[PDB]
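All remarks here apply to the structure that follows.
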Number of protein chains: 2
Amino acid sequence: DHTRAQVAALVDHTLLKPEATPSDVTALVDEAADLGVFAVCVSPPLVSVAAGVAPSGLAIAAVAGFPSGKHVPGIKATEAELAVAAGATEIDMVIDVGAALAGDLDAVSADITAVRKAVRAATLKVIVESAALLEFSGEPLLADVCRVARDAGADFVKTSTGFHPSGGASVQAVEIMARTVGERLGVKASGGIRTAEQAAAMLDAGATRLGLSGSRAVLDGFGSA
Amino acid sequence: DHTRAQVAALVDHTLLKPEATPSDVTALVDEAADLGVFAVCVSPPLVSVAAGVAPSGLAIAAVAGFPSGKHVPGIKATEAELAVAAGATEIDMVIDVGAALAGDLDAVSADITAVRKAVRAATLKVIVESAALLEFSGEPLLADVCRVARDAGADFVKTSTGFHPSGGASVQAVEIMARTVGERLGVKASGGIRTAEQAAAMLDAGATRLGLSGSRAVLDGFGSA
Ligand SMILES: [N+]
């Protein structure tokens, strides 16, 4: 039910390590192009490097407020703006997870709205940090945060930063997200997706985009180049 | 050679988890007050909560560009400025570690300089991510980043975010930092300091400030309140 080419067409091939250099990013783009993936995803200061080498047809995503989500709205929004100016066409922003856990959904809304309005032409993905929302609160909060993101104009909800100790994507989280907002928003599964078996599980749960760092190993699990 | 009171007077009592709430920060401030520490350190969106309950004498540190360091200079500087407006008196910024590893020390300098100029009256600490500089390059790079921080006007160098897989403070790192800039700059040891024995090792190596999250257990190892 999943060919390598189909999967590749929904992969964001990602490098977000603090120690990443320009050479690491040009190597990421070369790998992304070789694998035929949808996008590369990089940190804000490295967008320009990615944009300078990406072929037409490889999208560029940047993260905003990442990984912690602990930035005021105006900073997230300006970071997003600057990344789009540098060549990103998609932004993956992190919510203030603590605001969500505190029940301050009006603050979560305001944050997403600030970013949305700063990058109105971009594809905006909202990282909800689902493993943390599920661990520290539960399913209702995860569903509610997804509704907040929808109502604030996000294009996607996304599971995870890959940096939080509660973990990454789970089938349970993706199913909740897809059932809550999947009729209107994309669902990006990310964090800890290392194998084709895992990727397939996420796609079957309702993911429409995958965020991978080891994309070649995942894709090889679906078939040969 | 260290009394409890002396150690407390150089502790920054810290909470930086993504899931931190306002009430978590109010509790942090109360604990810091009870322990008689120098400062509390919190994330930018939580500075005003901390400032709103901090007793007389307690300094407030905010992180900037944290934890990844992967933010453009204009964002780090504006984040710092906003945190000072919210009540911070100190800023602990993170360098772009990848820029340092690429040999782009001019970029590192420009980043520190931008923050320095935006918060001229604050105490500025520069997190060098010493465990990563040592792992991926070595001692000369650590010393050179300290020289850059000094020349860009920083008040302190600081070992670690506590979030990087390379690790936290080490005696080796503190000794290099102290040798390089300790006659002019403070040296803050942070990341993984859980016990009095570890804290004392860092102080003996040349640290003049400690970043702790479990400050009571450290202080109780030195003696009674
Ligand atoms: N000094």
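Computed from the coordinates by the stated procedures, all read-outs in this text should not be read as laboratory data. Note that each Cβ is placed from the backbone with ideal geometry, even for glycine, and that neighbours are counted across all protein chains shown.
A few comments on the model shown:
- Considering only residues in the stretch B:175-217 that are more than 21 Å from B:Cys41 (Cα to Cα) and among the basic types (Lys, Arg), the one that is farthest from the ligand (Cβ to nearest atom) turns out to be B:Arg179.
- The residue that is nearest to the other protein chains (Cβ to nearest Cβ), among those in the stretch B:99-118 that are without any contact (Cβ under 8 Å) to a residue 40 or more places away in the chain and not acidic (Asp, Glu), is B:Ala102.
- For the stretch B:149-174, filtered to residues that are away from the ligand (no atom under 16 Å from the Cβ) and among the hydrophobic types (A, V, I, L, M, F, W, C), the residue that is farthest from the other protein chains (Cβ to nearest Cβ) is B:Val171.
- Pairs linking a residue in the stretch B:177-197 that is within 14 Å of another protein chain (Cβ to nearest Cβ) and within 15 Å of B:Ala131 (Cβ to Cβ) to a residue that is outside any loop (DSSP other than H, G, I, E, B) and more than 13 Å from the ligand (Cβ to nearest atom), with Cβ atoms under 8 Å and 6 or more positions apart or on different chains, are B:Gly191/B:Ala131; B:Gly191/B:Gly211.
- Residue check, B:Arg120 within 16 Å of the ligand (Cβ to nearest atom) and more than 13 Å from the chain's Cα centre (by Cα): no
- The criterion of at least 1 residues that are under 21 Å from B:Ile95 (Cβ atoms) is met by the following helices (runs of 4 or more DSSP H) wholly inside the stretch A:1-71: A:22-35, A:47-53.
- Taken over the stretch A:13-28, the criterion of being among the aliphatic types (A, V, I, L, M), surrounded by 23 or more Cβ atoms within 10 Å (Cβ to Cβ) and more than 7 Å from chain B (Cβ to nearest Cβ) is satisfied by A:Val25, A:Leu28.
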